[PDB]
Every structure is written in C-alpha cells, then in structure tokens.
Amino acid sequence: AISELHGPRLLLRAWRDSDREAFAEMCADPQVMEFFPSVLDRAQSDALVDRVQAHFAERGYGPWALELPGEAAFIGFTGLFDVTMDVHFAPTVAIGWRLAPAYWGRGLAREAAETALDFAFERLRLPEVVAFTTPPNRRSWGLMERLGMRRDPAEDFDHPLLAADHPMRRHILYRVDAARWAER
C-alpha cells in the first residue's frame, strides 16, 4: 500500500526483491560511489535496501526505486527521507538520488527529483525539503541548485555519523521551502 508517483518518463515505486541485484551492481560501482567513503558489498547494499523498505513501512514515502517504463525496470533511486541525526537542520525531510551511470546526462535525476518534491509540497504539504552532499560532488549539488534549492555556505557542517577527522566529513546544505518551490 505504497503510493507510486509518475513523471513523463519515470515511475517512482516501492522496491522489489528483483531490484537488489541491479542496486548491488550500482553500490559496487566506484563511479557511482566516488563521493562516499567506500563501495558496498552485497550484504551492505541489501542492508541499505532494508532501511529504505523500513522507511516506506513507517512513513508511507522514502527513496523510491526508479523504473523507466518502455526501457528499464530499475535505474536507481530518488526520493524523500526523514533527517533525525544530530545536525543543526534536524528534524526535517531531505531528498537524495543515486542513478546507474548509463542514465546520467538525461535529466532523469532532475525529473525524479521534481516528481518527489511535487509530492513533498502538494501531497505531504511539508514546509521545506533539504539536501546535503560534499563539495567535490559537483553533479549532486549542481542538481540541487538547478531544482531551485539554495545554499548558505555558513550552514556547512561536519557529518555527525563520520569521525571528527574523517576526510569526507565536510558537507554543504541546500534548502527549498514550499513558497520557493511554488515560485519556480
């Protein structure tokens, strides 16, 4: 009983067991995982899918599996997740995305994110959605600003689930509120 969302090309849907093989391939891909501490093995990939499924069970939304009707069953994920960790901007709702590299450069993450944020603001009627990444991940924060999300560099933060001296600790924060989304 999970709400599926449609864009012109994409179906944002609940995860299926058949997704785990294709998602594990992505999580083992160094180009997909470049701006994360490590690639994941199958056990770690499956544990991430388990957390996504638990988010859907608890909240009725989550990082949707991305299907491309007419083309491919599974190309990655894009969607909303609740931020509960000890950061200055919590509690709030965030948006995240991970696409198989064959699908980059097609505006498919843009379309998935527009579909997810329409749901956030029209259906859930949330006041704001945030997103966060590392400065080197230019494809990721580039998508954030193209969506109309905006960054205050003063809100840069150290990720509280990484070591205080972790080389990838430094994150940047983007925000979009309901009014800014509507004004696009």
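Position 1 is the first residue in the sequence shown; the rest follow in order.
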Average Cα temperature factor in the PDB entry - higher stretch of 53-61, 37-45 = 37-45
Comparing 121-129 with 138-146, which stretch shows the greater average C-alpha B-factor in the deposited entry?
-> 121-129
Check the PDB entry and point out which of 12, 173, 176, 168 has the largest C-alpha temperature factor.
-> 168
Residue 85 CA temperature factor, ranked by third within the chain | highest
Considering only modelled residues of the same chain, in which third does the CA B-factor of residue 27 rank: lowest, middle or highest?
-> highest
Residue 91 - Cα temperature factor, lowest/middle/highest third of chain = highest
